[PDB]
Amino acid sequence: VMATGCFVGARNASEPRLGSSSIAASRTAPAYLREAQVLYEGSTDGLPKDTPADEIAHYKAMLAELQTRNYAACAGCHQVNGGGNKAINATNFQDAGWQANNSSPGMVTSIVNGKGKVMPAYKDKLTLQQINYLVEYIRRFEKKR
Amino acid sequence: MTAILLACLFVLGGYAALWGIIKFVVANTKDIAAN
Amino acid sequence: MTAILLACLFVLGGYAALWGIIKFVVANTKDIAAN
Amino acid sequence: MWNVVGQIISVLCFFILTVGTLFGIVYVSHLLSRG
Amino acid sequence: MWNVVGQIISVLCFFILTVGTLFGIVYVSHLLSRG
Amino acid sequence: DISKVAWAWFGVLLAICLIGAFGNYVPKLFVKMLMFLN
Amino acid sequence: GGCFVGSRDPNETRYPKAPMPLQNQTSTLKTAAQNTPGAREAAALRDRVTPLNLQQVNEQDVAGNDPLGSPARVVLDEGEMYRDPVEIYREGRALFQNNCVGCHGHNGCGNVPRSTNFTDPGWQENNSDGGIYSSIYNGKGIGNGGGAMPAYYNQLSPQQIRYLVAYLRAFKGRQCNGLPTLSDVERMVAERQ
Amino acid sequence: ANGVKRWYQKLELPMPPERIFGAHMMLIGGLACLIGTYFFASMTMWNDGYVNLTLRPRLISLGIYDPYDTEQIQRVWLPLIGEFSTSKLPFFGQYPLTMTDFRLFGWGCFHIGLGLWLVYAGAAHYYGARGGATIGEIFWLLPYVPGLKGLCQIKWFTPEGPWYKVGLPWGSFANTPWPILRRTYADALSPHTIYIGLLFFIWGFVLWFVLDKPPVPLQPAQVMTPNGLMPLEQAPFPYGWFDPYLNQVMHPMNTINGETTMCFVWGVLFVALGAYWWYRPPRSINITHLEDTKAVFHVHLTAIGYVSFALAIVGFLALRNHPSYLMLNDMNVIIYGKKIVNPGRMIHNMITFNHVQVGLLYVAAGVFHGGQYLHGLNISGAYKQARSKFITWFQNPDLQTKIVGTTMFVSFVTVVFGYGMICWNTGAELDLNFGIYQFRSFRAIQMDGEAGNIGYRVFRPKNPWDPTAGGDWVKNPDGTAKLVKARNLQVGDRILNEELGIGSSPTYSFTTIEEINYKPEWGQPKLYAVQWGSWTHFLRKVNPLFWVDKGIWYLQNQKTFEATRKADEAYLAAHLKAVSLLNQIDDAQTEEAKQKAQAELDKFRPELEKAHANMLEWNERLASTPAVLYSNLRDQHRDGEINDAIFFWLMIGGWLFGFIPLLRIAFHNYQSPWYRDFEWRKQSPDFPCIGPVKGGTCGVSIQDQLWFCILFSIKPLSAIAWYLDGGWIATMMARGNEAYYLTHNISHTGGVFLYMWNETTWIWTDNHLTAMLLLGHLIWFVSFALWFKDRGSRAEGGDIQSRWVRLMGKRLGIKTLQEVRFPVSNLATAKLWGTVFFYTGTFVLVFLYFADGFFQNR
Ligand code: 2GO
Ligand code: BCL
Ligand code: CLA
Ligand SMILES: CNCCOP(=O)(O)O[C@H](COC(=O)CCCCCCCCCCCC(C)C)OC(=O)CCCCCCCCCCCC(C)C
Ligand SMILES: CNCCOP(=O)(O)O[C@H](COC(=O)CCCCCCCCCCCC(C)C)OC(=O)CCCCCCCCCCCC(C)C
Ligand SMILES: CC(C)CCCCCCCCCCCC(=O)OC[C@@H](OC(=O)CCCCCCCCCCCC(C)C)OP(=O)(O)OCCN
Ligand code: HEC
Ligand code: HEC
Ligand code: SF4
Ligand SMILES: [Ca+2]
């Protein structure tokens with residue numbers, strides 16, 4: 001005997017919405033990416049018309065709070081679909097060469113710290129668990145070649 | 001299944017091959033004491 | 001010159017220090033054999 | 001001033017616990033093997 | 001396939017040089033202690 | 001003490017050593033026998 | 001091992017460069033050859049081949065200690081940065097060969113797992129010069145001293161990171177045989193840096 | 001034989017059966033209580049860690065752990081349950097819980113309940129054999145808990161007690177007068193294999209009717225999914241048979257339903273074999289010494305070792321690409337705060353190497369234990385009159401030296417081959433000059449594309465076959481260096497290393513083109529010019545597993561293979577003809593000729609684009625065909641590599657290197673031929689030596705041969721670890737994306753030594769793993785204190801230390817210190833703890849190479 005289980009602690013997650021485990025949500029890809037898309041887009045508008053009433057209004061409250069801390073949404077630098085803006089030098093997430101030459105762990109700190117001149121730091125805006133969700137959503141923008 | 005069978009067969013084949021060598025030596029050096 | 005003398009003296013004082021320690025132990029345990 | 005004192009107390013405790021534990025390993029080694 | 005016939009010549013010389021040298025230090029270490 | 005037979009190995013190791021150095025340093029220096037040049 | 005090293009390449013002169021300044025480049029105190037037979041050919045030859053900013057730099061001059069060395073405040077003037085290919089090549093290949101080859105390969109195509117690969121066009125197109133400075137200065141990934149891509153803010157100067165930034169853009173679309181040459185740097189600089 | 005030796009030898013064989021039986025039953029109950037707690041440790045409020053992660057793929061496959069379930073539960077069974085005294089579940093009440101937490105708590109409780117009761121019933125047999133026991137002897141640490149002494153005299157497990165404290169009323173299995181009970185160990189082999197068959201039947205009924213996985217072919221037509229009710233073949237993996245990450249319907253025996261049908265299959269087989277042995281138990285004279293439990297202990301234990309090795313192999317293959325593990329890669333896995341690359345494969349790797357490591361230990365220890373039986377026989381006289389041929393087949397000492405010496409010869413040859421090839425190719429990759437020979441690296445220059453229009457200065461020999469030819473630089477008529485375009489490179493051409501940017505080979509000057517228009521059999525769809533220096537690419541084919549794999553795959557895929565070959569062919573012809581047209585443009589010499597040429601290329605161009613896109617898409621279709629033995633990360637074929645071929649040879653050589661000490665245990669436990677020339681006779685299984693005579697004799701006992709097995713086996717085991725986790729083992733310094741690996745689509749993490757530094761940069765980014773790294777290193781080098789020939793020095797210095805401390809006690813009046821005597825291990829115990837410290841150091845450190853992530857990118 002030893003690991004009587006293993007005392008690793010409780011998992012950090014995002015905000016709780018009543019009646020729907022947030023800890024669980026943070027490991028279930030379809031839940032975490034729904035919250036990543038909300039953060040990414042700055043609205044609840046592109047969310048599946050199947051979204052529940054409680055969900056759609058919890059997201060809005062999340063956004064409204066973030067709007068008071070001058071949070072700037074990811075889309076529209078990077079667009080709703082990726083592959084940003086050459087003008088602004090905003091990264092194109094659809095590109096496979098950009099995707100292969102980034103690890104997901106590495107990507108994290110570039111969102112936390114910001115990246116050179118224009119891409120802003122998000123360490124005081126978002127939690128490290130909300131950055132993890134966004135790294136996962138950006139992964140799904142990849143196209144071939 | 002095919003991969004599992006190939007890998008197991010190769011491990012048992014290494015044992016069988018060693019048995020055959022070690023018995024080609026025994027059979028043809030039976031007139032000589034090792035020492 | 002200053003750093004050279006300091007280093008050298010610090011090594012020489014490392015040996016001199018030890019001897020003094022050892023001398024204190026020998027004198028103050030005279031008449032206890034260590035068996 | 002006060003951080004320093006607090007830190008000296010943790011370091012003392014660590015030395016008391018690690019040297020203390022090491023000697024207990026020796027004592028325990030001693031009781032098993034013999035006396 | 002002259003690279004594979006050339007490469008192989010090299011690899012074969014590597015094996016004679018090395019294994020010949022290993023069993024050369026084992027034969028010269030026997031003359032220094034027994035012969 | 002050295003056997004005849006152990007002197008005739010020490011001869012094969014040297015023939016492989018100057019067949020290697022003869023083809024390594026000759027084209028570098030003489031600019032001939034271009035086959036072995038690097 | 002010893003003595004039978006080769007002949008030295010005539011193109012690498014030993015003719016001496018001026019000494020590294022004692023004064024800090026960030027000082028507020030007071031700021032930042034002859035005709036002898038072959039001395040002019042040797043000076044002109046040292047001016048292309050022997051690097052001037054290869055040595056670790058004074059401790060007050062490192063980018064984390066420089067008032068204008070943070071990613072937010074550094075000046076990336078494209079005219080000064082892509083001015084001289086001799087210079088980008090002279091400096092960035094010495095710095096790169098020393099510091100960056102270990103993890104990114106002798107070809108600069110990636111050695112350590114997940115490491116960058118500077119020849120990749122998709123990676124080139126999606127990075128700014130200022131972006132490249134940030135990741136050298138900060139490192140990439142979570143960990144003490146940067147992550148798997150280590151941080152350089154103690155270690156390198158802002159001027160040393162800028163030679164690195166310009167050199168790294170010579171990797172674009174090259175094959176996986178060693179490092180960018182003098183004419184890779186030059187074709188990179190002609191096609192607008 | 002007076003010190004610590006009598007503590008880890010207090011429970012030796014033979015033993016009575018009630019004592020073996022009850023002790024195993026108690027271990028079973030204890031292991032079920034521990035698994036209980038692991039179920040609690042798997043609930044969804046906890047961080048990821050290495051315990052709950054090794055269980056999760058399997059818990060998903062069983063449907064206990066639902067990957068897509070977020071709904072929080074607030075009442076379930078008994079009325080009103082927000083949270084209670086420790087709350088609504090003990091202490092799990094402050095947390096939000098889903099249905100999968102309740103399933104996990106249910107299964108955890110069952111395990112704990114059935115475990116505790118198995119522990120009790122096991123103690124009823126164990127203590128019951130002895131007539132019974134007292135609460136104070138059972139527990140033993142209750143004498144020194146004053147108060148509780150009146151309830152520490154009560155006797156439990158007694159023969160005639162009231163029902164709730166009985167033990168074994170007839171005292172032992174042999175006295176109890178039930179006729180169904182079998183009287184020997186052969187006889188008992190039959191009811192044991194019937195009992196095991198029944199445990200299979202139990203697991204299949206639980207799978208079918210409690211977990212709701214019916215056996216094939218009785219699978220349901222539809223299943224419930226997070227999107228409603230779906231046909232089985234389209235419902236995704238945890239729910240149905242559609243694999244999402246490979247995007248195909250799964251074979252029916254690749255599903256947990258396949259597993260419940262095998263439950264019933266295996267169960268029927270085991271029950272029938274037990275019924276057969278009930279009428280025909282084993283009987284031959286060859287086997288009746290195995291009724292002594294000391295002898296069967298050797299058989300059983302090294303058998304279980306082989307079973308463990310076989311679990312590793314079977315498990316590795318069967319599950320390397322299974323959707324249980326790939327599903328972990330989408331679960332946002334975070335360990336000690338971090339984000340892991342490919343946690344699926346990491347966890348899979350850890351389970352297989354954990355079985356591999358158990359296999360080695362139990363084989364070795366089983367053989368060791370068998371050596372103890374045989375030494376016993378020799379030392380009491382009865383070895384010479386053993387009757388079973390399994391002993392007597394190996395008694396002749398001359399056969400024993402023939403067996404051993406030829407397995408040393410076979411080890412020698414195959415290790416020399418393996419290691420010698422690794423050395424040759426690290427010489428090649430590093431371009432080392434030995435004076436007697438220059439090693440040369442692989443280098444490749446693309447010859448088609450737009451890269452085939454890049455120019456190079458070329459030194460061209462005239463006639464390599466006349467020694468004394470010489471060469472010249474390719475030039476213009478005007479005298480200046482002609483730039484040869486990569487498309488026109490020919491075999492023999494030398495290009496300056498510094499025109500290619502290469503600074504790593506300062507000892508030679510030129511790259512030689514040795515092969516033009518090369519397309520990798522397996523690799524990138526391009527055409528290349530190559531320097532093969534000393535790099536021996538042919539060595540991949542010196543692997544019997546290369547050939548079985550490629551032949552079977554060719555046979556299954558024959559006609560896409562064939563069309564891909566015809567596409568390559570048509571393309572190479574189009575490239576060649578387009579290169580001649582481009583050349584006529586380059587050398588056209590007068591604008592009339594130059595227009596004619598440019599118009600011909602302009603007319604051939606569409607057709608050259610068609611042939612390229614055709615080749616590209618046949619080569620992509622070929623590279624997505626299903627794997628046989630060598631696999632992708634997406635279960636697609638890959639050719640065998642130099643890496644796979646080296647691993648074949650190293651498995652043979654290194655397992656024989658590691659197992660020759662075990663043959664020495666089996667034959668030479670009493671006398672080796674070196675002992676027998678001297679008349680020596682080993683007097684016990686664990687003595688340290690008898691030397692300084694004859695130059696010295698340390699390490700001849702059976703205990704020591706066991707330790708040398710364990711060390712020697714570290715070498716093939718680390719071959720297995722590097723290979724599982726993606727290192728390149730065929731050289732010492734392979735870089736990740738060197739030209740060879742890139743042109744032949746190989747993914748690796750490092751190359752022997754380079755792997756070590758490459759993985760540790762990933763290890764450094766985790767502070768828990770760097771603490772483990774530090775502790776691991778310290779445990780190991782301390783083994784050297786214990787293993788060097790130095791115990792006398794340590795005894796004589798310890799003695800000076802004791803005298804000194806006693807002098808300080810006497811001087812300072814400190815009574816606890818005037819009789820200190822420091823304990824210094826003798827040679828036998830030093831070798832034991834030295835092997836313990838060496839082993840555990842190394843293998844905590846190996847855990848880290850797995851724990852860091854799986855960085856192979858496929
Ligand atoms: C940047 C890398 C980093 C540093 C900090 C570091 C340094 C050092 C030092 C030092 C002073 O510099 C030391 C002294 C040291 C010591 C060790 N380290 Zn160590 N070490 C590092 C990292 C690690 C890590 C993560 C690990 C070790 C592992 C180990 C272990 C290794 C113990 C040992 O004896 O292991 C034998 C096995 C080896 C060397 C691996 C061989 C692998 C290879 C692929 C097998 C096949 C190929 C050969 C040619 C095979 C022969 C053929 C046949 C017989 C099979 C010990 C504690 C250890 C290990 O290798 O265990 C097998 C281990 O897992 N180390 N190590
Ligand atoms: C399957 C048969 C059993 C086994 C059943 C028995 C029985 C019954 C007896 C012994 C006995 C002995 N066995 Mg035994 N023993 C096994 C394996 C071993 C191995 C070994 C390296 O694996 C060794 C060294 C020994 C050695 C010994 C001696 C201690 C002892 C008498 C001398 C001798 O026989 O030389 C043995 C030398 C060898 C060279 C044999 C090694 C090859 C073995 C047989 C099989 C390995 C292959 C395995 C199936 C591969 C697994 C497949 C993969 C996992 C996929 N056994 C295996 C597990 N053994 C006798 C005894 O008295 O001890 C108490 C005895 O009666
Ligand atoms: C961690 C490594 C380590 C340490 C601390 C020691 C300690 C010692 N060795 Mg051993 N030894 C080692 C490794 C070590 N050795 C190795 C690798 C070898 C192989 C060559 C040997 C071989 C060996 C021989 C042959 C001999 C010794 C002797 C000695 C003793 C010298 C007498 C003395 O100088 O007092 C001074 C004491 C110190 C200088 C060390 C203080 C305690 C240290 C620093 C830290 C304790 C660390 C430990 C890892 C902590 C774990 C504690 C636990 C709570 C975590 C001393 C007790 C001699 C002796 O007299 O025998 C008794 C002796 O003869 N050593
Ligand atoms: C990350 N990429 C690595 C894995 O890529 P991928 O899955 O494509 O390819 C392989 C290849 O197949 C084998 O590699 C089968 C063994 C062949 C036996 C070759 C012949 C074996 C004969 C040896 C006999 C020794 C005796 C005589 C002592 O992946 C594997 O199967 C390796 C994982 C299995 C782990 C090793 C299992 C233990 C090794 C054998 C134990 C032997 C013991 C019973 C002693
Ligand atoms: C008659 N004399 C010779 C014959 O008899 P003989 O040699 O068997 O007697 C030994 C020898 O002496 C030692 O062997 C030295 C130990 C002290 C070094 C002391 C150095 C130890 C530190 C090593 C740590 C380094 C690691 C962490 C890398 O017999 C033993 O010690 C047997 C080993 C049993 C030890 C059990 C340890 C368990 C204790 C843990 C709990 C204790 C405390 C936590 C309360
Ligand atoms: C490689 C190796 C083998 C070779 C060793 C090199 C030897 C060099 C000798 C070192 C010479 C130092 C003198 C220079 C110096 O000290 O500078 C000025 C120094 O003036 C002096 O005192 C002059 C008196 C010097 C009379 C001493 C003779 C030394 C004897 C050597 C014995 C060696 C043994 C036997 C091991 O200034 P300050 O300290 O005042 O100010 C601080 C400087 N910031
Ligand atoms: C105002 C523009 C802007 C906004 C808002 C913005 N970004 Fe960026 N981002 C940029 C620009 C510009 C870059 C290019 C960075 C550089 O210089 O290399 C970039 C870069 C990146 C990269 C690539 C980083 C890397 O290491 O390679 C990621 C990932 C990224 N951004 C994510 C986000 C996310 C997630 C958000 C919102 C949470 C976000 N961005 C918000 C403009 C923006
Ligand atoms: C310890 C290994 C290591 C060393 C030393 C190292 N790197 Fe890296 N580098 C990496 C890894 C790993 C990545 C990938 C980071 C990620 O995505 O996870 C990387 C990425 C980068 C990137 C891309 C960053 C981005 O955001 O996209 C740049 C630029 C970089 N390295 C430059 C350099 C330069 C310049 C040096 C020397 C100064 C250097 N590297 C040294 C390992 C290293
Ligand atoms: S050094 Fe130790 S093992 Fe060797 S002969 Fe002496 S006592 Fe025996
Ligand atoms: Ca790894």
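Convention: sequence-line order gives letters A, B, ...; per-chain numbering from 1. Any value given below was found using the heavy atoms of this structure, including those in side chains, with hydrogens, waters and symmetry copies removed. Whatever order the structure lists ligands and atoms in, that order sets their numbers, starting from 1.
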Participant: With a cut-off of 4.0 Å, which atoms of ligand 4 are near a heavy atom of H:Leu317?
Facilitator: 31 (O)
Participant: Of the side chain and backbone of H:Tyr723, name the one, both, or neither that has a heavy atom under 4.0 Å from an atom of ligand 4.
Facilitator: both
Participant: Closer than 4.0 Å to some heavy atom of H:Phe647 - which atoms of ligand 4 meet that?
Facilitator: 14 (O)
Participant: List the closest protein heavy-atom neighbour of atom 25 (C) of ligand 4: residue, atom name, distance to the nearest 0.1 Å.
Facilitator: H:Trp655 CB, 4.1 Å
Participant: For atom 39 (C) of ligand 4, tell me which residue out of B:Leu6, H:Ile720, H:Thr414 has the closest non-hydrogen atom.
Facilitator: H:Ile720
Participant: If you take the nearest heavy atom of each of H:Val844, H:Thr770, H:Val752, H:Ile714, which one is closest to atom 36 (C) of ligand 1?
Facilitator: H:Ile714
Participant: Please name the atom of H:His777, restricted to N, O or S, that is closest to atom 19 (Zn) of ligand 1.
Facilitator: NE2
Participant: With the threshold set strictly below 4.0 angstrom, can you tell me whether any protein non-hydrogen atom sits that near atom 10 (C) of ligand 1?
Facilitator: no
Participant: Could you check, using the six-membered ring where one of them is a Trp, whether H:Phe838 and H:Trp787 have ring centers closer than 6.0 angstrom?
Facilitator: no
Participant: Can you confirm whether H:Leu717 sits close enough to H:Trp655 that some side-chain heavy atom of one is under 4.5 Å from a side-chain heavy atom of the other?
Facilitator: yes
Participant: When you measure from the side chain of H:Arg345 to the backbone of H:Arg320, do you find a donor-acceptor pair of N or O atoms at a distance under 3.5 Å?
Facilitator: yes
Participant: Without swapping roles, check the side chain of H:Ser411 against the backbone of H:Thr407 for a donor-acceptor pair under 3.5 Å.
Facilitator: no
Participant: For the backbone of H:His355 and the side chain of H:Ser308, can you confirm whether one donor and one acceptor N or O come within less than 3.5 Å of each other?
Facilitator: yes
Participant: With ring-ring contact (aromatic ring centres under 6.0 Å, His included) as the criterion, how do H:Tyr849 and H:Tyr755 come out once you've worked through the C-alpha distance, each side chain's angles and the decisive distance to 0.1 Å?
Facilitator: CA-CA 9 Å; H:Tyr849 285 123; H:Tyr755 173 86; 4.9 Å; yes
Participant: Does any N or O of ligand 4 fall below 3.5 Å from an N or O anywhere on H:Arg345, backbone included?
Facilitator: no
Participant: Which of these, B:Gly14, H:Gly654, B:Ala7, has its nearest heavy atom closest to atom 15 (C) of ligand 4?
Facilitator: B:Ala7
Participant: Quick one: does H:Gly418 get within less than 4.0 Å of ligand 1, heavy atoms only?
Facilitator: no
Participant: How does H:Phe781 reach ligand 1, if at all, at less than 4.0 Å between non-hydrogen atoms: by side chain, backbone, both, or neither?
Facilitator: neither
Participant: Can a side-chain donor-acceptor contact be found between H:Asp330 and H:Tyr245 if the only test is distance below 3.5 angstrom?
Facilitator: yes
Participant: Below 4.0 angstrom from a heavy atom of H:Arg638, which ligand 4 atoms are there? Numbered from 1 as shown, please.
Facilitator: 5 (O), 6 (P), 8 (O)
Participant: Applying a heavy-atom cut-off of 4.0 Å, say which part of H:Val846 lies close to ligand 1: side chain, backbone, both or neither.
Facilitator: both
Participant: Using a strict 4.0 Å cut-off to heavy atoms of H:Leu545, name the atoms of ligand 4 that fall inside it.
Facilitator: 17 (C)
Participant: Can you check the number of protein N/O/S atoms within less than 3.0 Å of the Ca ion (ligand 10)?
Facilitator: 5
Participant: Say whether H:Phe838 and ligand 1 are in contact under the criterion: heavy-atom distance to a ligand atom below 4.0 Å.
Facilitator: yes
Participant: Using 30° and 60° as the class boundaries, would you call the ring planes of H:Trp393 and H:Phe390 parallel, tilted or perpendicular?
Facilitator: tilted
Participant: Does a side chain donor of either H:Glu641 or H:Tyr741 reach within less than 3.5 Å of an acceptor in the other side chain?
Facilitator: no
Participant: How does H:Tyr630 reach ligand 4, if at all, at less than 4.0 Å between non-hydrogen atoms: by side chain, backbone, both, or neither?
Facilitator: both
Participant: Once you restrict to heavy atoms under 4.0 Å, what part of H:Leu724 touches ligand 4? Side chain, backbone, both or neither.
Facilitator: both
Participant: Which of the listed options, H:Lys715, H:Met756, H:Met732, H:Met651, holds the heavy atom that is closest to atom 51 (C) of ligand 1?
Facilitator: H:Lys715
Participant: Less than 4.0 Å between atom 62 (C) of ligand 1 and some protein heavy atom, yes or no?
Facilitator: yes
Participant: Does any N or O in the side chain of H:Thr749 come within less than 3.5 Å of the main-chain N or O of H:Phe855, such that one atom is a donor and the other an acceptor?
Facilitator: no
Participant: Heavy-atom contact under 4.0 Å between H:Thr842 and ligand 1?
Facilitator: yes
Participant: Residues two or more places apart in sequence or in another chain: which of them pass side-chain contact (heavy atoms from CB on, under 4.5 Å) with H:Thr765?
Facilitator: G:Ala148, H:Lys338, H:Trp762
Participant: Please identify which of these residues, H:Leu360, H:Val314, H:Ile304, meets the side-chain contact (heavy atoms from CB on, under 4.5 Å) condition with H:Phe309.
Facilitator: H:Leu360
Participant: Could a heavy atom of H:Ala312 be found less than 4.0 Å from some atom of ligand 4?
Facilitator: no
Participant: Note the single closest protein heavy atom to atom 27 (C) of ligand 4, along with its residue, its atom name and the distance in Å.
Facilitator: H:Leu656 CD2, 3.9 Å
Participant: Evaluate the 4.0 Å heavy atom contact test for atom 17 (C) of ligand 4: does a protein atom fall under the cut-off?
Facilitator: yes
Participant: Going by heavy-atom distance to atom 59 (C) of ligand 1, choose the closest among H:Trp722, H:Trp728, H:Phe847.
Facilitator: H:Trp722
Participant: Which atoms of ligand 4 sit under 4.0 Å from any heavy atom of H:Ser631?
Facilitator: 8 (O)
Participant: Which residues pass the salt bridge (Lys or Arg N to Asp or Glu O under 4.0 Å) test with H:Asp725, not counting sequence neighbours?
Facilitator: none
Participant: Hey, is ligand 1 close enough to H:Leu845 that some N/O pair sits below 3.5 Å?
Facilitator: yes
Participant: Does any N/O atom on H:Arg320 come nearer than 3.5 Å to any N/O atom on ligand 4?
Facilitator: yes
Participant: Can you tell me if H:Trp728 uses its side chain to pair, donor with acceptor, with the backbone of H:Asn643 under 3.5 Å?
Facilitator: no
Participant: Please identify which of these residues, H:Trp424, H:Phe439, H:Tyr740, meets the ring-ring contact (aromatic ring centres under 6.0 Å, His included) condition with H:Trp535.
Facilitator: H:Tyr740
Participant: Students often mix this up, so state it plainly: with edges at 30° and 60°, are the rings of H:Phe417 and H:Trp649 parallel, tilted or perpendicular?
Facilitator: perpendicular
Participant: Any atoms of ligand 4 less than 4.0 Å from a non-hydrogen atom of H:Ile313? List them with their elements.
Facilitator: 37 (C)
Participant: Could you tell me which atoms of ligand 4, counted from 1 in the order shown, lie closer than 4.0 angstrom to a heavy atom of H:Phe316?
Facilitator: 7 (O), 29 (O), 30 (C), 31 (O), 33 (C)
Participant: Just say parallel, tilted or perpendicular for the rings of H:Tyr336 and H:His768, cut-offs at 30° and 60°.
Facilitator: tilted
Participant: Kindly say whether H:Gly726 contributes a backbone atom to a donor-acceptor pair with the side chain of H:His748 at under 3.5 angstrom?
Facilitator: no
Participant: Only pairs at least two apart or in different chains count here, so list each salt bridge (charged side-chain N to carboxylate O under 4.0 Å, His left out) that has a residue in residues 537-550 of chain H.
Facilitator: H:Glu521-H:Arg540, H:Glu521-H:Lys541, H:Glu521-H:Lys550, H:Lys550-H:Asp639
Participant: Do me a favour and list the nearest non-hydrogen protein atom to atom 19 (C) of ligand 4 with residue, atom name and distance?
Facilitator: H:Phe648 CD1, 3.6 Å
